[PDB]
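Report on the following structure.
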Amino acid sequence: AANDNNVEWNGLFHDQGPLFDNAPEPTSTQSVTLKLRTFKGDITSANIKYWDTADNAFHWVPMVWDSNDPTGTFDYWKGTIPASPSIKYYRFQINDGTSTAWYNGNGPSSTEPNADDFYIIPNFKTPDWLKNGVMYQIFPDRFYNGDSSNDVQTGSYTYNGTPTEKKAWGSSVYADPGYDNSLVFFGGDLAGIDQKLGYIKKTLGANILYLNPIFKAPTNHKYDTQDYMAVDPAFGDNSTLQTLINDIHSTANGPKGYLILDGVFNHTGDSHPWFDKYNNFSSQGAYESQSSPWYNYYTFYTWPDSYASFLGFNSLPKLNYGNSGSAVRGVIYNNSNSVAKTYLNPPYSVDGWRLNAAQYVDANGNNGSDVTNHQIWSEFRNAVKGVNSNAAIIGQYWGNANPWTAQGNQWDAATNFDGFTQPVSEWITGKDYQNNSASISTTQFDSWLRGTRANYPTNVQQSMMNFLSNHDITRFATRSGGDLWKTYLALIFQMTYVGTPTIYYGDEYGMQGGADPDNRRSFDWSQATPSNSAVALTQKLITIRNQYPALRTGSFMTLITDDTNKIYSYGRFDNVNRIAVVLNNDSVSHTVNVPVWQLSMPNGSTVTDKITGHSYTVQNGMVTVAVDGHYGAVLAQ
Ligand SMILES: OC[C@H]1O[C@H](OC[C@H]2O[C@H](O[C@H]3[C@H](O)[C@@H](O)[C@@H](O[C@H]4[C@H](O)[C@@H](O)[C@@H](OC[C@H]5O[C@H](O[C@H]6[C@H](O)[C@@H](O)[C@@H](O)O[C@@H]6CO)[C@H](O)[C@@H](O)[C@@H]5O)O[C@@H]4CO)O[C@@H]3CO)[C@H](O)[C@@H](O)[C@@H]2O)[C@H](O)[C@@H](O)[C@@H]1O
Ligand SMILES: [Ca+2]
Ligand SMILES: [Ca+2]
Ligand SMILES: [Ca+2]
């Protein structure tokens, strides 16, 4: 490269990883110094062009030459953006003589982009344990029956005109004739989860647990809350919860863990004392008397049998959050003994909340996705962070969650359906997460992944809940048609991508299952050992990610997108480690020349595939490795 009226795109690069941004999570007064990489001597000038919400205008900040990388192949230019609490967006204008190129969240462009700019959100920090950990989601009733005395028995109670049923372990999740799918209980409880912490934290290595609802409710999924202040008797009691949390936080049964609970705050069950539709409790619920102490907690259109609810589900009356200072905002997150604060405070001290139906939370029965909804989550974040600045907040959302994250005042991240689950599914299994046929090439996969990452600030990207499957969609192994290797590949990608790897109980061994409720089968424990090849791989991959900070908070650079041979390679790197991941999708084995020079891996240095143990030597900026179909190598140094 040289000063020849031409900017060479191949040498350009910038993202907010350690080597290019000294303040990825800036405080309200923090200056942000950035570095732009280019081929050595390729440009004549560079500017950071940023939009400031403070004064509704663009601002140009020149860059100055800073240095060359260890291989002497690139230049590093640096610039500093003035500090202030205002949100800012930036892109780069790179010039060489009369030639100009632009660069933003989606890479290089010949024309100045109008979107996908990078983010600078002052005073927005997500928990670092979330960025660096591995999550394991458990649907309580289906994991492990640690206490048989609390098991819900068949016919114990009837709800919606149907009795409950107890199911034998390993039998179909579908209710037998006469029962309802939502009232089927296998017996899984909190004692069981505690007893299997060694399997989760030691055998596998995950250190973050995310549990579906566990508070008093009549259903087996428990999203129809009856009492937020107590564990459902079938799962145990509050003391059992205190012990489980203590055991999760313990280091005696594996590494220190973290607990994230499911917060169902958009609505309650119709059997909740506040509502009490079936007249089961003393007090006069909102449904029973217009003179109820909790009448304002809900929204009726025609009292008492016509009220706002979750998507028309009668058993799910919608909570009216009213305006700031309301009684509902008090019981949920403003009061000293609010639900959110209660569990974040001792003797519980949980580590976070997953926000159920977070997009609908509103006042007066509104559908959410509006100013009020965003205002409520702003107050919620302020409260939660006040109690514990390291308490996680992850909202449920299926599309682009930018509105609840990019403002830096609401959620730390979201259920990554749009930026992880869907693309991963369509690339590997060739189905959408609902199991309808839908496929994408490797280049489209890389593009999808980058475009969605660009929807979020860097810390949010690193905090996204990335799961292959969950309780509302079909199982990955079912979408894969039982092809376990597809799970192998998915795991390798997952454990090396941006965002929190999240294992939905069972996926580690290849558990199958169709749509709800078949996606909530009882866990087959005879499969929980290295004998299951997927379990053995999972254990190894978690150890690798726990080992390299670069895989959790390092930069991400696309290296190879080959649709002919189905090869996808990308680098994850920071100031210490450089990692080139090489994946092979749906094709026979291939020998790949990995361009590690793009990662500045020096010629003559050695790299080691952390999966196989094979070592290689960098020659002429390359590493030549063989990767079989539906597998991958993790070349690191
Ligand atoms: O009253 C008649 C009827 O009553 C009973 O229930 C019938 C319904 O039961 C089941 O649905 C349950 C579900 O099993 C529960 O888990 C619970 O659902 C909650 C989710 O689990 C949470 O993640 C959260 O989801 C909110 C999201 O909801 C929507 O997403 C849906 C997708 O669109 C869809 O493709 C698929 O993936 O499902 C999801 C979730 O349902 C919404 O679009 C999205 O924006 C939002 O984020 O909250 C949920 C509610 O708390 O409750 C459900 C309702 O009770 C069956 O799955 C359902 O088919 C059935 O209608 C009796 O069981 C039944 O016999 C009787 O006829
Ligand atoms: Ca040039
Ligand atoms: Ca039990
Ligand atoms: Ca009553």
Side-chain angles (χ1 to χ4, degrees), residues 1-22 32-52 57-82 88-120 443 446-447 450-451 453-454 458 555-563 569-571 573 578 580 593-603 618 620-622:
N3 296 165
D4 52 12
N5 287 335
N6 190 227
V7 179
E8 310 187 12
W9 291 22
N10 289 173
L12 303 176
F13 189 81
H14 181 267
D15 83 340
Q16 305 188 313
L19 276 291
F20 313 99
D21 190 341
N22 77 331
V32 178
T33 294
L34 309 166
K35 290 184 188 175
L36 174 66
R37 190 201 72 172
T38 81
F39 275 141
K40 183 162 69 181
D42 183 47
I43 70 171
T44 50
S45 72
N47 290 286
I48 297 177
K49 178 174 178 175
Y50 74 89
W51 174 266
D52 194 344
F58 276 113
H59 296 81
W60 261 268
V61 177
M63 295 183 94
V64 297
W65 179 83
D66 176 271
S67 55
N68 293 127
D69 74 304
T71 74
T73 295
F74 311 90
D75 275 341
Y76 283 130
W77 288 73
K78 68 170 173 58
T80 307
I81 294 178
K88 308 174 185 68
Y89 315 114
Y90 72 84
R91 67 191 63 156
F92 303 83
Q93 180 197 55
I94 308 169
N95 316 303
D96 178 27
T98 57
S99 171
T100 291
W102 296 84
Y103 192 109
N104 68 186
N106 245 311
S109 177
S110 61
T111 60
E112 171 167 23
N114 54 64
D116 294 337
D117 287 308
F118 294 95
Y119 292 94
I120 289 185
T443 45
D446 174 75
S447 176
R450 176 175 50 256
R453 281 203 304 288
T458 297
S555 291
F556 181 107
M557 179 187 291
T558 300
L559 298 175
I560 297 175
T561 48
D562 176 351
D563 298 297
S569 184
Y570 50 88
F573 58 111
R578 289 162 290 290
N593 292 320
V594 190
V596 298
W597 59 266
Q598 277 282 186
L599 298 186
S600 291
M601 284 195 212
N603 280 159
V618 182
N620 287 303
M622 325 215 77

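Count residues from 1 along the sequence. The figures that follow rest on heavy atoms only: side chains count, while hydrogens, waters and symmetry mates do not.
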Which residues satisfy the side chain to side chain contact (heavy atoms under 4.5 Å, CB included) test with [X], sequence neighbours excluded?
X	answer
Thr558	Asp446, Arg450, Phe556, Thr561, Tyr568
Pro113	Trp102, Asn104, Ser109
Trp597	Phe39, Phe74, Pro595
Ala46	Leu36, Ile43, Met63

Scan residues 103-120 for pairs that pass salt bridge (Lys or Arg N to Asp or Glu O under 4.0 Å), counting only residues two or more places apart or in two chains.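 Non-adjacent pairs meeting salt bridge (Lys or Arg N to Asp or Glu O under 4.0 Å): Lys49-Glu112, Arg91-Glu112, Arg91-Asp117.
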Restricting to pairs with a member in residues 63-72, which pass salt bridge (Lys or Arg N to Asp or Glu O under 4.0 Å), not counting sequence neighbours?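 Passing the test, one end in residues 63-72: no pairs.
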Any residue meeting side-chain hydrogen bond (donor to acceptor under 3.5 Å, both in side chains) with [X], in chain and number order, not counting sequence neighbours:
X	result
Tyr103	none
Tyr50	none
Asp562	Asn565
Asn47	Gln93

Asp96 side-chain N/O to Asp4 backbone N/O, donor-acceptor pair under 3.5 Å: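 The answer is yes, because a donor-acceptor pair under 3.5 Å joins these two groups.
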With a 6.0 Å cut-off on the ring centroids, do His14 and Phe118 count as close?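 Between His14 and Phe118, the centre distance is under 6.0 Å.
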Sub-6.0 Å ring centroid separation between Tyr119 and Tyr89: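 Yes, the ring of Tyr119 comes within the 6.0 Å limit of the ring of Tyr89, centre to centre.
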From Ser555 OG over to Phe573 CZ, what is the distance, rounded to the nearest 0.5 angstrom?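 Output value for this atom pair is 4.5 Å.
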If you apply the rule side chain to side chain donor-acceptor pair (under 3.5 Å), what do you find for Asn95 with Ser45, and how did you get there? CA-CA 5 Å; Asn95 316 303; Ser45 72; 3.3 Å; yes
